[PDB]
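Peer 1: One file: my_file33.cif (mmCIF, C-alpha atoms and all ligand atoms).
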```
data_final
loop_
_atom_site.group_PDB
_atom_site.id
_atom_site.type_symbol
_atom_site.label_atom_id
_atom_site.label_comp_id
_atom_site.auth_asym_id
_atom_site.auth_seq_id
_atom_site.Cartn_x
_atom_site.Cartn_y
_atom_site.Cartn_z
ATOM 1 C CA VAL A 1 20.006 12.934 27.538
ATOM 2 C CA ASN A 2 21.614 10.610 24.979
ATOM 3 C CA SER A 3 25.130 9.928 23.696
ATOM 4 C CA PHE A 4 24.915 11.581 20.248
ATOM 5 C CA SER A 5 27.591 14.349 19.893
ATOM 6 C CA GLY A 6 28.309 17.347 17.412
ATOM 7 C CA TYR A 7 24.895 17.539 15.712
ATOM 8 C CA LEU A 8 23.263 20.623 14.585
ATOM 9 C CA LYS A 9 19.616 20.966 15.621
ATOM 10 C CA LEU A 10 17.214 21.577 12.698
ATOM 11 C CA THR A 11 13.882 21.217 14.566
ATOM 12 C CA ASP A 12 12.549 20.001 17.962
ATOM 13 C CA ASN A 13 13.215 16.458 16.882
ATOM 14 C CA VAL A 14 15.585 16.430 13.845
ATOM 15 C CA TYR A 15 19.383 16.741 14.167
ATOM 16 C CA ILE A 16 22.155 16.369 11.595
ATOM 17 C CA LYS A 17 25.902 15.738 11.404
ATOM 18 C CA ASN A 18 28.582 15.264 8.759
ATOM 19 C CA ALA A 19 29.566 11.720 9.677
ATOM 20 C CA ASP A 20 30.099 8.226 8.371
ATOM 21 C CA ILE A 21 27.072 6.305 9.671
ATOM 22 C CA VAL A 22 29.217 3.173 10.104
ATOM 23 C CA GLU A 23 31.668 5.031 12.315
ATOM 24 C CA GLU A 24 28.883 7.084 13.870
ATOM 25 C CA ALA A 25 27.173 3.758 14.663
ATOM 26 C CA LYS A 26 30.226 1.818 16.012
ATOM 27 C CA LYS A 27 30.856 4.632 18.559
ATOM 28 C CA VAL A 28 27.308 5.281 19.809
ATOM 29 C CA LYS A 29 25.939 1.728 19.613
ATOM 30 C CA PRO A 30 22.594 3.445 19.153
ATOM 31 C CA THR A 31 19.442 1.506 19.894
ATOM 32 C CA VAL A 32 18.438 1.803 16.207
ATOM 33 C CA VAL A 33 20.486 2.430 13.082
ATOM 34 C CA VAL A 34 18.515 2.851 9.845
ATOM 35 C CA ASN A 35 19.676 1.114 6.689
ATOM 36 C CA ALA A 36 18.804 2.468 3.253
ATOM 37 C CA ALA A 37 17.638 -0.930 2.041
ATOM 38 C CA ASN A 38 16.099 -2.296 -1.134
ATOM 39 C CA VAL A 39 13.131 -4.676 -1.132
ATOM 40 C CA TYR A 40 15.413 -7.729 -1.479
ATOM 41 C CA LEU A 41 17.700 -6.682 1.388
ATOM 42 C CA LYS A 42 20.638 -7.096 -1.030
ATOM 43 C CA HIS A 43 23.209 -4.832 0.633
ATOM 44 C CA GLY A 44 25.555 -4.277 -2.252
ATOM 45 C CA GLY A 45 26.469 -0.617 -2.137
ATOM 46 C CA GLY A 46 25.741 2.785 -0.744
ATOM 47 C CA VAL A 47 24.859 2.946 2.930
ATOM 48 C CA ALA A 48 23.666 -0.669 2.882
ATOM 49 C CA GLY A 49 26.875 -2.037 1.401
ATOM 50 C CA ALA A 50 28.932 -0.055 3.910
ATOM 51 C CA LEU A 51 26.862 -1.077 6.887
ATOM 52 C CA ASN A 52 26.930 -4.687 5.771
ATOM 53 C CA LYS A 53 30.703 -4.627 5.202
ATOM 54 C CA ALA A 54 31.168 -3.272 8.732
ATOM 55 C CA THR A 55 29.258 -6.331 10.053
ATOM 56 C CA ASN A 56 31.609 -8.697 8.182
ATOM 57 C CA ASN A 57 28.592 -9.748 6.007
ATOM 58 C CA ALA A 58 26.553 -10.912 9.015
ATOM 59 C CA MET A 59 23.852 -8.388 8.080
ATOM 60 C CA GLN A 60 23.541 -10.002 4.632
ATOM 61 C CA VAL A 61 23.395 -13.546 6.068
ATOM 62 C CA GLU A 62 20.609 -12.536 8.458
ATOM 63 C CA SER A 63 18.831 -10.642 5.671
ATOM 64 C CA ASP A 64 18.885 -13.600 3.268
ATOM 65 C CA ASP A 65 17.240 -15.775 5.931
ATOM 66 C CA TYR A 66 14.607 -13.048 6.481
ATOM 67 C CA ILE A 67 13.782 -12.881 2.757
ATOM 68 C CA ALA A 68 13.724 -16.672 2.393
ATOM 69 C CA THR A 69 11.067 -16.768 5.142
ATOM 70 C CA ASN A 70 9.050 -13.609 4.447
ATOM 71 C CA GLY A 71 9.622 -12.540 0.851
ATOM 72 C CA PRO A 72 10.559 -9.023 -0.220
ATOM 73 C CA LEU A 73 9.659 -5.830 1.557
ATOM 74 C CA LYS A 74 7.370 -3.209 0.016
ATOM 75 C CA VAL A 75 8.773 0.044 -1.317
ATOM 76 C CA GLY A 76 7.993 2.387 1.574
ATOM 77 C CA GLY A 77 8.174 -0.506 4.056
ATOM 78 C CA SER A 78 10.632 -1.729 6.652
ATOM 79 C CA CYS A 79 11.701 -4.543 8.912
ATOM 80 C CA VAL A 80 13.614 -4.674 12.205
ATOM 81 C CA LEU A 81 16.616 -6.983 12.286
ATOM 82 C CA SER A 82 19.758 -7.188 14.387
ATOM 83 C CA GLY A 83 22.150 -4.241 14.545
ATOM 84 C CA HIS A 84 25.087 -6.674 14.892
ATOM 85 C CA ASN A 85 28.216 -4.779 16.059
ATOM 86 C CA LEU A 86 26.784 -1.381 15.047
ATOM 87 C CA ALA A 87 23.543 -0.952 17.052
ATOM 88 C CA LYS A 88 21.048 -2.955 19.071
ATOM 89 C CA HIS A 89 18.697 -3.057 16.059
ATOM 90 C CA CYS A 90 18.839 -2.188 12.389
ATOM 91 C CA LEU A 91 15.661 -0.752 10.884
ATOM 92 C CA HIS A 92 15.888 -1.617 7.171
ATOM 93 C CA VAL A 93 13.764 1.005 5.378
ATOM 94 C CA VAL A 94 13.037 0.975 1.633
ATOM 95 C CA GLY A 95 12.872 4.382 0.165
ATOM 96 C CA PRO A 96 11.914 4.702 -3.492
ATOM 97 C CA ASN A 97 14.846 4.324 -5.901
ATOM 98 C CA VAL A 98 14.522 7.024 -8.566
ATOM 99 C CA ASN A 99 16.985 5.090 -10.727
ATOM 100 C CA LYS A 100 14.320 2.336 -10.836
ATOM 101 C CA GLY A 101 11.430 4.716 -11.577
ATOM 102 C CA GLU A 102 9.755 4.342 -8.185
ATOM 103 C CA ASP A 103 7.198 6.874 -7.059
ATOM 104 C CA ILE A 104 8.643 9.575 -4.914
ATOM 105 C CA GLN A 105 5.373 9.938 -2.966
ATOM 106 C CA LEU A 106 6.444 6.698 -1.250
ATOM 107 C CA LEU A 107 9.262 8.604 0.455
ATOM 108 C CA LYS A 108 6.818 9.902 3.073
ATOM 109 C CA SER A 109 5.611 6.343 3.756
ATOM 110 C CA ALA A 110 9.237 5.254 4.133
ATOM 111 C CA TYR A 111 9.957 7.937 6.750
ATOM 112 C CA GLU A 112 6.760 7.026 8.659
ATOM 113 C CA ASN A 113 8.529 3.818 9.720
ATOM 114 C CA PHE A 114 10.854 5.963 11.848
ATOM 115 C CA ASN A 115 7.921 6.943 14.096
ATOM 116 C CA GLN A 116 7.830 3.443 15.584
ATOM 117 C CA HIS A 117 11.199 4.147 17.307
ATOM 118 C CA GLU A 118 11.816 6.711 19.965
ATOM 119 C CA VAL A 119 15.409 7.574 18.782
ATOM 120 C CA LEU A 120 17.244 6.646 15.566
ATOM 121 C CA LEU A 121 20.539 7.206 13.790
ATOM 122 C CA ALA A 122 19.729 7.281 10.123
ATOM 123 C CA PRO A 123 20.786 8.302 6.641
ATOM 124 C CA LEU A 124 18.662 10.465 4.382
ATOM 125 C CA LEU A 125 16.288 8.028 2.708
ATOM 126 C CA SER A 126 16.399 7.758 -1.087
ATOM 127 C CA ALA A 127 19.580 9.924 -1.191
ATOM 128 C CA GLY A 128 22.907 8.794 -2.642
ATOM 129 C CA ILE A 129 22.599 5.960 -5.152
ATOM 130 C CA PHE A 130 18.803 5.919 -4.728
ATOM 131 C CA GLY A 131 18.751 9.054 -6.867
ATOM 132 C CA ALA A 132 16.462 11.435 -4.975
ATOM 133 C CA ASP A 133 17.290 15.037 -4.123
ATOM 134 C CA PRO A 134 18.716 14.958 -0.565
ATOM 135 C CA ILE A 135 17.195 18.403 0.110
ATOM 136 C CA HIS A 136 13.575 17.136 -0.779
ATOM 137 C CA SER A 137 14.373 14.064 1.313
ATOM 138 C CA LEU A 138 15.340 16.262 4.268
ATOM 139 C CA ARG A 139 12.109 18.258 3.922
ATOM 140 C CA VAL A 140 9.992 15.085 3.922
ATOM 141 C CA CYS A 141 11.945 13.793 6.923
ATOM 142 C CA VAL A 142 11.307 16.972 8.933
ATOM 143 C CA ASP A 143 7.625 17.028 7.936
ATOM 144 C CA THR A 144 7.028 13.311 8.644
ATOM 145 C CA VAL A 145 9.201 12.033 11.498
ATOM 146 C CA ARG A 146 8.049 12.975 15.009
ATOM 147 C CA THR A 147 10.521 10.846 16.994
ATOM 148 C CA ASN A 148 14.130 11.905 17.604
ATOM 149 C CA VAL A 149 16.218 11.384 14.472
ATOM 150 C CA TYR A 150 19.969 11.949 14.152
ATOM 151 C CA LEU A 151 20.833 12.247 10.450
ATOM 152 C CA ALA A 152 24.378 11.189 9.413
ATOM 153 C CA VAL A 153 25.461 12.710 6.086
ATOM 154 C CA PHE A 154 28.659 11.219 4.674
ATOM 155 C CA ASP A 155 29.534 13.964 2.176
ATOM 156 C CA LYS A 156 30.786 17.182 3.781
ATOM 157 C CA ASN A 157 29.867 19.257 0.720
ATOM 158 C CA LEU A 158 26.314 17.889 0.664
ATOM 159 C CA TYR A 159 25.812 18.590 4.263
ATOM 160 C CA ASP A 160 26.975 22.116 4.254
ATOM 161 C CA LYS A 161 24.451 22.534 1.428
ATOM 162 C CA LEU A 162 21.457 20.955 3.124
ATOM 163 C CA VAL A 163 22.122 23.255 6.103
ATOM 164 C CA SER A 164 22.414 26.457 4.033
ATOM 165 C CA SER A 165 19.184 25.749 2.115
ATOM 166 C CA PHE A 166 17.131 24.501 5.088
ATOM 167 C CA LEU A 167 14.030 26.366 5.998
HETATM 168 O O1 LIG B 1 24.947 8.169 -1.892
HETATM 169 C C1 LIG B 1 24.234 7.133 -1.851
HETATM 170 O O2 LIG B 1 24.312 6.336 -2.821
HETATM 171 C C2 LIG B 1 23.264 6.765 -0.716
HETATM 172 O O3 LIG B 1 23.728 5.612 -0.089
HETATM 173 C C3 LIG B 1 22.840 7.839 0.367
HETATM 174 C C4 LIG B 1 23.295 9.210 0.023
HETATM 175 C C5 LIG B 1 24.690 9.480 0.473
HETATM 176 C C6 LIG B 1 25.468 8.242 0.945
HETATM 177 N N1 LIG B 1 24.745 7.424 1.939
HETATM 178 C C7 LIG B 1 25.315 7.583 3.265
HETATM 179 N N2 LIG B 1 24.750 8.327 4.208
HETATM 180 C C8 LIG B 1 25.336 8.417 5.399
HETATM 181 N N3 LIG B 1 26.459 7.804 5.688
HETATM 182 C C9 LIG B 1 27.075 7.047 4.781
HETATM 183 N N4 LIG B 1 28.200 6.335 4.833
HETATM 184 C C10 LIG B 1 28.417 5.732 3.662
HETATM 185 C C11 LIG B 1 29.448 4.899 3.241
HETATM 186 C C12 LIG B 1 29.452 4.390 1.958
HETATM 187 F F1 LIG B 1 30.467 3.577 1.563
HETATM 188 C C13 LIG B 1 28.424 4.706 1.080
HETATM 189 C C14 LIG B 1 27.392 5.542 1.494
HETATM 190 C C15 LIG B 1 27.393 6.057 2.798
HETATM 191 C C16 LIG B 1 26.517 6.914 3.528
HETATM 192 C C17 LIG B 1 23.269 7.510 1.822
#
```
Any chance you could put this one into structure tokens?
Peer 2:
Amino acid sequence: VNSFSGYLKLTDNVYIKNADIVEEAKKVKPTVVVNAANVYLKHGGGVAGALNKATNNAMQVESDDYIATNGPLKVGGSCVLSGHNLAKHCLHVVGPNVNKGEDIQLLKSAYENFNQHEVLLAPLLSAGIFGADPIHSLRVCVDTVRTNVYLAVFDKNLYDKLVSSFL
């Protein structure tokens, strides 16, 4: 039993809710919140910009130190950093950004990072400003992630769609 509330169950291990991940996160304090990061951990907009804003820019300060030490992530890769006031940990995962021409096959590799964590609150990778089809993204998520994932979808219209077209 865990503290996540109001989700619809898609599979044994995938759940989904119309929610703001920032507000979903501040209430649950999940062990892991996933950020839809870029390779530079520059959290300017989308989920990343919102999450970072909710940390009063502490996420960005920590991220800049990480990059200064380690260099950029790989597309499809991830790193674990602090969750600040939102979660114990933040798993920064780089999905491919279609608006940069990145290969969509890397979306499966991106979701594989979720399997290193027993339970996660997460957005749909490569959705939103990253330009992928959130329905394809949901399919890859369901077919790749084996751990327990709670998907927060900000847009009510999108959500209702994803549900109605799910197989
Ligand atoms: O649409 C984008 O560009 C992306 O970021 C994707 C797709 C939809 C939005 N996004 C989220 N997914 C789940 N919760 C969210 N809360 C937010 C608050 C914001 F100010 C901006 C985006 C989100 C957000 C992931």
Peer 1: Using all atoms listed in the file, which of A:157, A:38, A:113, A:18 sits nearest residue 74 in chain A?
Peer 2: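 For residue 74 in chain A, the nearest of the candidates is A:38.
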Peer 1: What is the CA of residue 153 in chain A-CA of residue 165 in chain A distance in Å, reported with one decimal?
Peer 2: 15.0 Å
Peer 1: Applying 12 Å and only C-alpha atoms, which residues near residue 54 in chain A remain after dropping the ones on its own chain fewer than 5 positions away? List them as a compact mmCIF listing (two decimals) with C-alpha atoms, keeping the file's coordinate frame.
Peer 2:
```txt
# COMPACT_ATOMS: atom_id res chain seq x y z
CA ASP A 20 30.10 8.23 8.37
CA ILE A 21 27.07 6.30 9.67
CA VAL A 22 29.22 3.17 10.10
CA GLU A 23 31.67 5.03 12.32
CA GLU A 24 28.88 7.08 13.87
CA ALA A 25 27.17 3.76 14.66
CA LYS A 26 30.23 1.82 16.01
CA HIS A 43 23.21 -4.83 0.63
CA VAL A 47 24.86 2.95 2.93
CA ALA A 48 23.67 -0.67 2.88
CA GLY A 49 26.88 -2.04 1.40
CA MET A 59 23.85 -8.39 8.08
CA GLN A 60 23.54 -10.00 4.63
CA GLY A 83 22.15 -4.24 14.54
CA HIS A 84 25.09 -6.67 14.89
CA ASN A 85 28.22 -4.78 16.06
CA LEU A 86 26.78 -1.38 15.05
CA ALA A 87 23.54 -0.95 17.05
```
Peer 1: Within 9 Å of ligand LIG 1 (chain B), counting all atoms listed in the file, which protein or nucleic acid residues do you find, written as a ChimeraX atom specification?
Peer 2: /A:18-24,35-36,45-51,53,122-132,134,151-155,158
Peer 1: Can you give me, as a list in words, the residues this file yields under the PyMOL selection byres (((chain A and resi 8) around 12) and not hetatm)?
Peer 2: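 Applying the expression gives residues 4, 5, 6, 7, 9, 10, 11, 12, 13, 14, 15, 16, 17, 18, 19, 149, 150, 151, 152, 153, 159, 160, 162, 163 and 166 of chain A.
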Peer 1: For the residues in the current selection, export C-alpha atoms as a JSON list (two decimals), keeping the file's coordinate frame.
Peer 2:
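Final file, selection-v4.json:
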```json
[["chain", "number", "residue", "atom", "x", "y", "z"],
["A", 4, "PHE", "CA", 24.92, 11.58, 20.25],
["A", 5, "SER", "CA", 27.59, 14.35, 19.89],
["A", 6, "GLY", "CA", 28.31, 17.35, 17.41],
["A", 7, "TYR", "CA", 24.90, 17.54, 15.71],
["A", 9, "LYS", "CA", 19.62, 20.97, 15.62],
["A", 10, "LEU", "CA", 17.21, 21.58, 12.70],
["A", 11, "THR", "CA", 13.88, 21.22, 14.57],
["A", 12, "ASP", "CA", 12.55, 20.00, 17.96],
["A", 13, "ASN", "CA", 13.22, 16.46, 16.88],
["A", 14, "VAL", "CA", 15.58, 16.43, 13.84],
["A", 15, "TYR", "CA", 19.38, 16.74, 14.17],
["A", 16, "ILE", "CA", 22.16, 16.37, 11.60],
["A", 17, "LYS", "CA", 25.90, 15.74, 11.40],
["A", 18, "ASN", "CA", 28.58, 15.26, 8.76],
["A", 19, "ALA", "CA", 29.57, 11.72, 9.68],
["A", 149, "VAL", "CA", 16.22, 11.38, 14.47],
["A", 150, "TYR", "CA", 19.97, 11.95, 14.15],
["A", 151, "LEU", "CA", 20.83, 12.25, 10.45],
["A", 152, "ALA", "CA", 24.38, 11.19, 9.41],
["A", 153, "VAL", "CA", 25.46, 12.71, 6.09],
["A", 159, "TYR", "CA", 25.81, 18.59, 4.26],
["A", 160, "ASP", "CA", 26.98, 22.12, 4.25],
["A", 162, "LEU", "CA", 21.46, 20.96, 3.12],
["A", 163, "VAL", "CA", 22.12, 23.26, 6.10],
["A", 166, "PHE", "CA", 17.13, 24.50, 5.09]]
```
Peer 1: Grab the CA of residue 89 in chain A to CA of residue 42 in chain A distance for me, in Å with one decimal place.
Peer 2: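 For CA of residue 89 in chain A relative to CA of residue 42 in chain A, the distance reads 17.7 Å.
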Peer 1: Report, as lines of an AutoDock Vina configuration file, the centre and edge lengths in Å (one decimal) of the axis-aligned box enclosing every listed atom of range 53-65 of chain A, padded by 6 Å on each side.
Peer 2:
```
center_x = 24.4
center_y = -9.5
center_z = 6.7
size_x = 26.4
size_y = 24.5
size_z = 18.8
```
Peer 1: In Å, how far is it from CA of residue 63 in chain A to CA of residue 99 in chain A?
Peer 2: 22.8 Å
Peer 1: When the PyMOL selection byres (((chain A and resi 72) around 12) and not hetatm) is applied to the structure above, which residues does it catch, written out as a list in words?
Peer 2: residues 37, 38, 39, 40, 41, 42, 63, 64, 65, 66, 67, 68, 69, 70, 71, 73, 74, 75, 76, 77, 78, 79, 92, 93 and 94 of chain A
Peer 1: Quick one: write out the picked residues with C-alpha atoms as a JSON list (two decimals), in the coordinates of the input?
Peer 2:
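Dumped to again-v9.json:
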```json
[["chain", "number", "residue", "atom", "x", "y", "z"],
["A", 37, "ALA", "CA", 17.64, -0.93, 2.04],
["A", 38, "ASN", "CA", 16.10, -2.30, -1.13],
["A", 39, "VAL", "CA", 13.13, -4.68, -1.13],
["A", 40, "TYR", "CA", 15.41, -7.73, -1.48],
["A", 41, "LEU", "CA", 17.70, -6.68, 1.39],
["A", 42, "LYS", "CA", 20.64, -7.10, -1.03],
["A", 63, "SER", "CA", 18.83, -10.64, 5.67],
["A", 64, "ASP", "CA", 18.89, -13.60, 3.27],
["A", 65, "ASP", "CA", 17.24, -15.78, 5.93],
["A", 66, "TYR", "CA", 14.61, -13.05, 6.48],
["A", 67, "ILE", "CA", 13.78, -12.88, 2.76],
["A", 68, "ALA", "CA", 13.72, -16.67, 2.39],
["A", 69, "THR", "CA", 11.07, -16.77, 5.14],
["A", 70, "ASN", "CA", 9.05, -13.61, 4.45],
["A", 71, "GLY", "CA", 9.62, -12.54, 0.85],
["A", 73, "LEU", "CA", 9.66, -5.83, 1.56],
["A", 74, "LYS", "CA", 7.37, -3.21, 0.02],
["A", 75, "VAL", "CA", 8.77, 0.04, -1.32],
["A", 76, "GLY", "CA", 7.99, 2.39, 1.57],
["A", 77, "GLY", "CA", 8.17, -0.51, 4.06],
["A", 78, "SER", "CA", 10.63, -1.73, 6.65],
["A", 79, "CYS", "CA", 11.70, -4.54, 8.91],
["A", 92, "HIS", "CA", 15.89, -1.62, 7.17],
["A", 93, "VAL", "CA", 13.76, 1.00, 5.38],
["A", 94, "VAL", "CA", 13.04, 0.98, 1.63]]
```
Peer 1: Please evaluate the PyMOL selection byres (((chain A and resi 105) around 12) and not hetatm) against the structure above and give the resulting residues as a list in words.
Peer 2: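 For this structure, the PyMOL selection byres (((chain A and resi 105) around 12) and not hetatm) resolves to residues 75, 76, 95, 96, 97, 98, 101, 102, 103, 104, 106, 107, 108, 109, 110, 111, 126, 132, 136, 137 and 140 of chain A.
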